[PDB]
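Only one chain is shown below, in structure tokens, and it's the form deposited in one PDB entry.
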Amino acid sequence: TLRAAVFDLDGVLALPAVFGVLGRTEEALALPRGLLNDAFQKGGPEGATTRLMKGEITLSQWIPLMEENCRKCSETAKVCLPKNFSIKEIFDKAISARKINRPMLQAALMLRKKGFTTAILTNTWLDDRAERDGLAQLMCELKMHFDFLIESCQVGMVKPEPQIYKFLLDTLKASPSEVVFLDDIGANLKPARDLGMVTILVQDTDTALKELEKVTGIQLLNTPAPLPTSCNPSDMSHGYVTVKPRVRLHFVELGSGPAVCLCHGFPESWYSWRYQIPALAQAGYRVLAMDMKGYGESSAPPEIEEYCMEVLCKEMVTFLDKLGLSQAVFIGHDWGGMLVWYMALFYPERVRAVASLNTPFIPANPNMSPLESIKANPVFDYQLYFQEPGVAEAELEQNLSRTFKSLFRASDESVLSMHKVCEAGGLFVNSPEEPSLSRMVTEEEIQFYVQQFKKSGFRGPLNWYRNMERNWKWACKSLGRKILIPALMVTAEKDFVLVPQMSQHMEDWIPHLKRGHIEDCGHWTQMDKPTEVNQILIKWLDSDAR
């Protein structure tokens, strides 16, 4: 049986192939056929290209040696090289033009999902070009999805030498017949074939993958639309900032650039944004997925007053102040969405841009007590149940697995009531003791929220709802203000509490507000429809927050 797949970079994982750019430059400049490809391989294992692929010299060092061999080949062919000929400009263009072959990356990912061991085996160089960042950005994005990455310039060997094949085989800890090897170079497959490994000459992606599925007996073509890339909590950078002596806040960091502070709801985690952290970092953002106060690894003080909007927003400001951030894009959901709107109302200097998932901005009524406002709407009866201290904690802290399995469900799958939650005596009263697993989450994803909620419980989480009177008095100070900073409101079609219509009037308060909308999407926006969340957020970030 097969248990390992090997991918070549150029021509297989990334397109177009750099070999083809030599053949393209000969046609553009009308130089004789194969002149550039022959000057590239001059010497064979003794040439400048092999010293480059083996890693003896840098690509900056290599440039003038190729140039010399280009001059040499043109002299022999009895032809002339043009005036503005620059090897650097040709390679700069070819590298920058080269992008990931997405169907190939998805085939790798599908193979690795079925337990296969995956690796990139490439003849590469040590790029010290002033424009090296581009090739580096590319490599990181591919590498992350494979078990190994074998770069010829770091090991000191090259394809087609037999040694690298015995090195990779040793790294894979597998035998030849257990390995599928994909290369666009016919001669680079011959050693792998002579060893007994299954070989695929990659001309077109579709035929290559058709051979790759017939041989694996695993479907790789015509597959359903894949989920965005998620997080393994063990592989993240974990951050901790002390905002006040008794309170510390925890976050997860990924990417470089404009700071994007992610704020989860109830009863959630930094992990709720798991399908958004890799995508948003890939889009050129510094993602900071918070564990809001009362959750995971952030401090959970017992007092109710520690969770009023004024205290929590001062702490988000202190967090910035201590991290050295003058600004942050603030993207919230559910309770974080509320925090995020009040971050914009009270601290616009510190907020670059503001986005909210499901949660709308709705001003305070200086003529109505907030308690009356909750009773007035039947869907908000669960908030009245969360009022008495200890009541919902006892129910939610009873069987954590059951709690998250009963809550984290898609619109149709809903096992919850939410019409006289107070009367019925709880949220899970008519929910099973052993609920089925939702299609939105895995067993492992459920098991992560369980571990997290074992530290502090639901007192802190529920205390965010226990400050309605405090929140109202503070908000009334902002009644004559308008949100005049970039803003994105995202409504979810099947969210039965945070209904799309509840946002209808927001323009009176945020005139330049951008909108988003996800169909057949319930309350758990981020995991229900991650792809759509990603497409909407990246679009608004590039247009409204550079």
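Residue numbers run from 1 along the displayed sequence.
Absent from the display: the form solved in complex with a small molecule. The rest refers to it.
ask   = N399: heavy atom within 4.5 Å of the small molecule in the entry with it bound?
value = Because no heavy atom of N399 falls inside 4.5 Å of the small molecule in the entry with it bound, the answer is no.
message = Taking the small molecule as it sits in the entry with it bound, is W335 near enough to touch it, meaning that at least one heavy atom pair lies within 4.5 angstroms?
response = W335: yes, in contact with the small molecule in the entry with it bound.
message = Since only the chain is shown here, I'm wondering whether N430 would be in contact with the small molecule in the entry with it bound (any heavy atom pair within 4.5 Å).
response = Taking the distances in the entry with it bound, the answer for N430 is no, it never comes within 4.5 Å of the small molecule.
message = Since only the chain is shown here, I'm wondering whether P370 would be in contact with the small molecule in the entry with it bound (any heavy atom pair within 4.5 Å).
response = Because a heavy atom of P370 falls inside 4.5 Å of the small molecule in the entry with it bound, the answer is yes.
key: Proximity to the small molecule in the entry with it bound, single hit among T318, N471, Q327, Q282 (heavy atom within 4.5 Å)   = Contact residue from the list: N471.
query = Looking at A259, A174, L138, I374, which is the one with a non-hydrogen atom within 4.5 Å of the small molecule in the entry with it bound?
reply = Of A259, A174, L138, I374, the residue with a heavy atom within 4.5 Å of the small molecule in the entry with it bound is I374.
task = Tell me the stretch among 243 to 251, 208 to 216, 104 to 112, 335 to 343 that has any heavy atom within 4.5 angstroms of the small molecule in the entry with it bound.
result = Contact criterion met by 335 to 343 only.
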